[PDB]
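Colleague: Enclosed are the sequence and the experimentally obtained structure.
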Amino acid sequence: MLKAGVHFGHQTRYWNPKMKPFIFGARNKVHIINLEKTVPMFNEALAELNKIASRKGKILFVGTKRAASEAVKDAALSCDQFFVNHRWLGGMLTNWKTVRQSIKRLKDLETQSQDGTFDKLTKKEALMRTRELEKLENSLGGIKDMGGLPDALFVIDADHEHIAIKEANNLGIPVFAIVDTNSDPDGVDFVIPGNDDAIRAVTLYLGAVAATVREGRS
Amino acid sequence: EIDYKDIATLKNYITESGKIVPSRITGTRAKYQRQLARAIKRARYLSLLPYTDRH
Amino acid sequence: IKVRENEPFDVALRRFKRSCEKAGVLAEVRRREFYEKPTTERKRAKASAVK
Amino acid sequence: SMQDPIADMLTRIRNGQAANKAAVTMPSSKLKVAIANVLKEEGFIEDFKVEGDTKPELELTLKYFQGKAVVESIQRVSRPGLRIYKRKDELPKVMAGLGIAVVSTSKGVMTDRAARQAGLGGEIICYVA
Amino acid sequence: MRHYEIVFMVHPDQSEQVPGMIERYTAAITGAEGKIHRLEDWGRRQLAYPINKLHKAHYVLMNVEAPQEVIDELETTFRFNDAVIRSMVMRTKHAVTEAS
Amino acid sequence: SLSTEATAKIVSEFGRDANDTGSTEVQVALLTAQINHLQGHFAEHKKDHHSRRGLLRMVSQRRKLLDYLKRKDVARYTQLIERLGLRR
RNA sequence: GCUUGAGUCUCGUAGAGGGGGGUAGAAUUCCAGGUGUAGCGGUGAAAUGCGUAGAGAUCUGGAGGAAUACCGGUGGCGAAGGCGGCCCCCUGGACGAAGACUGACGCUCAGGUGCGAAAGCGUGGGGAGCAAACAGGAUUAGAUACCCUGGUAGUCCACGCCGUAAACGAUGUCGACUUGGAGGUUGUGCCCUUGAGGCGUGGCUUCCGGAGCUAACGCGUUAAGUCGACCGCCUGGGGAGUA
Ligand SMILES: [Mg+2]
Ligand SMILES: [Mg+2]
Ligand SMILES: [Mg+2]
Ligand SMILES: [Mg+2]
Ligand SMILES: [Mg+2]
Ligand SMILES: [Mg+2]
Ligand SMILES: [Mg+2]
Ligand SMILES: [Mg+2]
Ligand SMILES: [Mg+2]
Ligand SMILES: [Mg+2]
Ligand SMILES: [Mg+2]
Ligand SMILES: [Mg+2]
Ligand SMILES: [Mg+2]
């Protein structure tokens, strides 16, 4: 049944009453979530997740923190999937139409990186323009092209991603997310208990989500 | 504490001058800081402890 | 209060007085009676001393 | 003070409901029961339960349908400070007809639909919808 | 019947009227069917500040069980007597022996 | 506020037996007791305004209790006030 | 009739809860004396004041009244007012742990009754410090003030009046119900007491915050949320809490 070796639970006091039903913890000043209730939430989780991924999966593996950002620009990034691994530039969904050209400048630039003007102008402008592009790259990588409108959303840490999720809620976008003992649920349709800032429950489920979009209907 | 006659245990809850030392410094509990003071005030009255360091 | 300082030195060494008396209970008792207004004082001394 | 228990029922409900509380209990009585009945028989609660003898205990199982609580509102209407009584023709109908009014009569605690058919009337205990 | 501590301190120049006093106060309490759960003639002791001119004065401890009546007239006898430079009858809650 | 010896004595003078402590008549009597005891405390002092509040409480408590009994068993009421000596 | 609502009973606990009496040290003022000598005191600066009859400074003895430093703390008690040295006596309430007793005896309460800071009044005391009034010295254009040097009622005690305060949490009392978090304080059960603790279980209290409520600020299990019983009060500002 279990597969999460050592993600057991996490998070001490800072608990959110509403996250009681998914708790059975009480180990030394910290809750262990209800392991045996998290897995029935891979059922439903990766299910309506894939059930749409074959209907065609457009995702947004949204998850930040200089401590798991790169481990999101991964097979999470790779597949039928888009992502954000830095500061969730607010209104990026709700104001996509303004931000849509924050994109044109990323391309119309890199498309021009080993092309267009580049080694020319000044060797001032140079890295003094790749700073324009470096900045853009993180926070606005995964976006690059959005071909199929943001369709579901998968987030690592419910509340830490206040804004992201809120926006979804506003635009009618499923929001699949894992929620720590401390975080507010109910912002999340398909809620996933368990730790949300340890190198494992990430990768595990993260990489496990990459494994279900990346395959649904050949 | 338990007793005002304990001047020995008591003389480590007062300064050179003889001022009671606040619970905050000694880290005592509430219920006892009072028992402490009272025992001190007793012993001062019975000339078992100076009110003052003016002698 | 008391420093019975001994042999090899010339300096005052009485940092003692900045541990109790002087501007302590002295600046205190020097003036306006107070009464119920220290209560208003010390009521800010905890609102402060909470953090 | 304990003075009005029927409001307490109506309320313990109203409250617990709003607290998405599974069940709820309280001191029982002939009267509390007759209503817990109509409440169930009209399908505002799952099912009641009286578990005692010397100190009886009414227990109601609450219901939640969509995400909401089933009982959208529950008010007193008569009360010690001010008793209400309606004749048959003057009986009230809640939410135009949806939801109901609990009226005690010379032939027992029954709804407004009920008492209206029975061709009588009594003390209108409370409103539910 | 209640208890009390009690601890009168006497003027040096009246030192050996202490045996007579103890003798007296106990004869007094015993007399009224009261026990006496501790006794301690601390003798001449040095003072923590000079009280009344003169330093060093003769202490006496007691721990009695006796009725609010003899304990009354004690406190007075203590006043009447201008040889007992201090005195203080105290709490109670149950007898006591040894300490000090 | 009255003695265990004394309070006991009266339970045992008024109730069915020691243990029948909460009998109307007993309460009333052990109140009535403390009231009258007190009459001499407030004889001196008098300005013991605070303690006084407690004493009235005792009277108004007793008063309601006496009222109860009367309604219940009138027979027991009259005996009581006679024996306790009040209600001139 | 019933026992959970309300009482009574038992042993304890904490407390500036009240009333009375006793007592302690520190300082101030004053009185007396040693030493000592021209200043001290006060302000923004001054002056008035005080000192050559020796001031202030210092030391010693004494008288008197008033308040209780340190403890002391969003600490504690009380219905509110409001209650802080220590000790005894008298006394009110609250809380906890066991079970035993009464058996709806309860909640509220117009009228009524009691209590009720400070000031103020009446007779007698009492008077160190403080200080309305008043006097003097200054500041100012003026200065009936703020500042200074003085200082009477008063501030203290008993007895009796007065009955008001932003007397406020500006939030009436009682009861039932409704996510949480970190403290403070006070009982009590259990755990190799083997840790200065470990886990529970009541009373009171502070901060923060969820629903919900609000005009908003904010309140939020100590409600300003959800309901009930009863009482008090509001109905534009001014006139007027006046006639
Ligand atoms: Mg003196
Ligand atoms: Mg002197
Ligand atoms: Mg008591
Ligand atoms: Mg009065
Ligand atoms: Mg007055
Ligand atoms: Mg007068
Ligand atoms: Mg003046
Ligand atoms: Mg008024
Ligand atoms: Mg207040
Ligand atoms: Mg709050
Ligand atoms: Mg709380
Ligand atoms: Mg309310
Ligand atoms: Mg008038």
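Modeller: Happy to help now that I have it. Numbering: from 1, shown residues only, chains lettered A, B, ... in the order given. Ligands and ions are numbered 1, 2, ... in the order given.
Colleague: from the middle of its chain, how far away would the top helix by length along chain E be?
Modeller: For chain E, the longest helix by residue count, based on DSSP state H, is helix E:18-31. Taking C-alpha atoms, centre = their mean, to the nearest Å, one finds helix E:18-31 lying 10 Å from the centre of the chain it belongs to.
Colleague: is any part of that helix close to RNA strand G?
Modeller: No: using C-beta under 7 Å from any atom of the strand, helix E:18-31 never reaches RNA strand G; the gap is at least 14.3 Å. C-beta coordinates here come from the backbone N, C-alpha and C atoms, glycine included.
Colleague: Please export the C-alpha coordinates of the helix or strand just after that helix as CSV.
Modeller: On the C-terminal side of helix E:18-31, the nearest following helix or strand under DSSP states H and E is strand E:36-45. Provided in CSV are the C-alpha atoms of strand E:36-45 (Å, rounded to 0.1, in the frame of the first residue of the first chain):
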residue,chain,number,x,y,z
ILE,E,36,4.8,22.4,73.2
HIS,E,37,6.2,20.9,70.1
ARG,E,38,9.6,22.6,70.1
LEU,E,39,11.9,24.7,72.2
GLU,E,40,15.2,26.3,71.4
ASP,E,41,17.3,28.7,73.6
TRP,E,42,19.4,30.2,70.8
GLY,E,43,21.0,32.5,73.4
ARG,E,44,23.0,35.7,72.6
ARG,E,45,23.0,36.2,68.8
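Colleague: got the angle for the very next helix or strand once past strand E:36-45 vs strand E:36-45?
Modeller: Using DSSP H and E, the helix or strand that follows strand E:36-45 in sequence is strand E:57-66. Computed with axes from the mean of the first three to the mean of the last three C-alpha atoms, to 10 degrees, the direction of strand E:57-66 lies at 170 degrees from that of strand E:36-45.
Colleague: helices or strands next to strand E:57-66 in the packing?
Modeller: strand E:2-4, strand E:9-10, helix E:18-31, strand E:36-45 (3 or more C-beta pairs under 8 Å, 6 or more residues apart in numbering or on different chains; DSSP states H and E).
Colleague: ok, now how distant is the closest residue to chain E within chain D from residue D:91?
Modeller: Here chain D gets closest to chain E at one residue, residue D:1, 41.1 Å apart by C-beta to the nearest C-beta. The spacing between residue D:1 and residue D:91, counted by C-beta to C-beta, to the nearest Å, is 31 Å.
Colleague: Run through the helices of chain A in chain order.
Modeller: Assigned by DSSP H, the helices in chain A fall at A:35-38, A:45-53, A:75-78, A:100-110, A:127-137, A:162-171, A:201-213.
Colleague: Buried deepest among these, which one?
Modeller: Across the helices of chain A, averaging neighbours per residue (mean count of other C-beta atoms under 10 Å in any protein chain shown) puts helix A:201-213 on top, at a mean of 21.
Colleague: what comes into contact with that helix?
Modeller: Applying C-beta atoms under 8 Å, 6 or more residues apart in numbering or on different chains, the contact partners of helix A:201-213 are A:3-4, A:7, A:42, A:46, A:49-50, A:53, A:57, A:59, A:61, A:63, A:68, A:71-72, A:74-76, A:78-81, A:154, A:156, A:176, A:178, A:192, A:194-196.
Colleague: Please compute how far it lies from its chain's middle.
Modeller: Put simply, helix A:201-213 sits 11 Å off its chain's centre (C-alpha atoms, centre = their mean).
Colleague: So what's the residue count around the residue of chain D closest to chain E?
Modeller: As a burial measure, residue D:1 scores 3 neighbours (other C-beta atoms under 10 Å in any protein chain shown).
Colleague: Now for residue B:9: which residues touch it?
Modeller: residue B:1.
Colleague: Roughly how far does it sit from chain E?
Modeller: Separation of residue B:9 from chain E (C-beta to the nearest C-beta, to the nearest Å): 12 Å.
Colleague: Which of the helices or strands spans that residue?
Modeller: Assigned by DSSP H and E, residue B:9 belongs to helix B:7-10.
Colleague: swap in residue D:68?
Modeller: Judged by DSSP H and E, residue D:68 forms part of no helix or strand.
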